[PDB]
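First come two forms of one protein chain, each written alone as structure tokens, so that there is a structure 1 and a structure 2.
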Structure 1
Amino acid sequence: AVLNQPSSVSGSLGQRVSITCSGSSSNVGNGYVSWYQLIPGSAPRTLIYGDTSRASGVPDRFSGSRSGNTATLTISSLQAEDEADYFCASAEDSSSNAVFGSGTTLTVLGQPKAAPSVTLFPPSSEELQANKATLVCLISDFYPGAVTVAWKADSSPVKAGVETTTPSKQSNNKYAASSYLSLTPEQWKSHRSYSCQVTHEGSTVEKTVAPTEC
């Protein structure tokens, strides 16, 4: 069906990393596996085509191999720009029938720890004059990518109205995330203050915003 790759693979900067792509004789056994790199927000990138041959523009730290019905992608010295998803592909029974692998998410460990900078935005005039209120808690420049966000209304738990994104990198390889509280303009003016509480690495940063003023 699909080529069996490992779900995820980890590797620290500089170390060597290997991704396995196991199949059968009719596909991987055909001896012409290809490897592609997918960085979010970028067009997929072809890495290896001729089982071992590098495409144009590919650095030499990438390398391909095959042993029977199991290919292998090997990065010699892992970089930070190498954090991404990696897919193998092979033809089966015909050149117009291609099969891809389950995919593997490569994680580049070893980044410096960083603490989040948090900002909380109250509903705007525009959003209010349209009968809606949304508090926007933005969380940026932190590592590792695992935060806990809590919403409090007058220091009491908000059990509803919260949609939170999973953290994702930014241009500087640090993580960023966002949480939203969606309220009616009556729930906004109801309470004295609201609080977004971001717990990252034993610390909790609480930003507070009040309807009274700013």
Structure 2
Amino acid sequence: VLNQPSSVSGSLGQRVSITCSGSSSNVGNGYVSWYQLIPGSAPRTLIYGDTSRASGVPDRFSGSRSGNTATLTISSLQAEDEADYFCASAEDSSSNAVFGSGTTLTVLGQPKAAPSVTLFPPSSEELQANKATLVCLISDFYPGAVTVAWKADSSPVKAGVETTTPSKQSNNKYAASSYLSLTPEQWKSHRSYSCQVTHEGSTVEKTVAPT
């Protein structure tokens, strides 16, 4: 496996470089390629032959090599560039490829954003199946950290709560969801339930009621 740094960071509009270290049996032979892997999209070839840009790749992506170490350089960094970057080479004298360990690119300098929160009560159809789920949907926030708390009327609720880890959206903000499992009677026996979402010290609360 070729050696890449696990993580690299750069600022909007600035330049970063990602290194890829091998030996004379792979990288040292030249013909290194580079690939961009963005969750939710097919992998994308950026560079082949050490230096040649693939079709559709803009000139701010550039590749270079010195001996057993190859480098990808990205200039005019955009938030869209956040991805996992992998180098590769053929091995020895074969058509078999060896990939790098991969580098996760984080782009800093993005504007902070408050979460949009939507809270759904249990659907009639779910209650007819003798179940009840509250769905708290949390979107369009940056940075990607939130904490979620649930209340029945005024009292905290901790059992029956499952919350996802934040993940980036296609617009480069973050999303998360929280689910509160209740019994149909618990749902109907309180006057309201609330999802409370805290982000950068400020909290937003949404409330739903059985009626």
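Residues are numbered by position in structure 1's sequence, first residue being 1. The term rigid core refers to the most C-alpha atoms you can superpose between the two forms while keeping them within 1.5 Å.
Both residue 11 and residue 61 are counted in one common rigid part of the motion between structures 1 and 2, based on the superposition that better accommodates each C-alpha. Superposition of the larger rigid part on its C-alpha atoms leaves the smaller part rotated by 16 degrees between structures 1 and 2.
Overlaying the rigid core between structures 1 and 2 leaves the Cα of residue 16 displaced by 0.4 angstrom. When the rigid core is fitted, residue 196 shows a C-alpha shift of 3.4 Å between structures 1 and 2.
Core fit done between structures 1 and 2; CA of residue 154 shifted by 6.5 Å.
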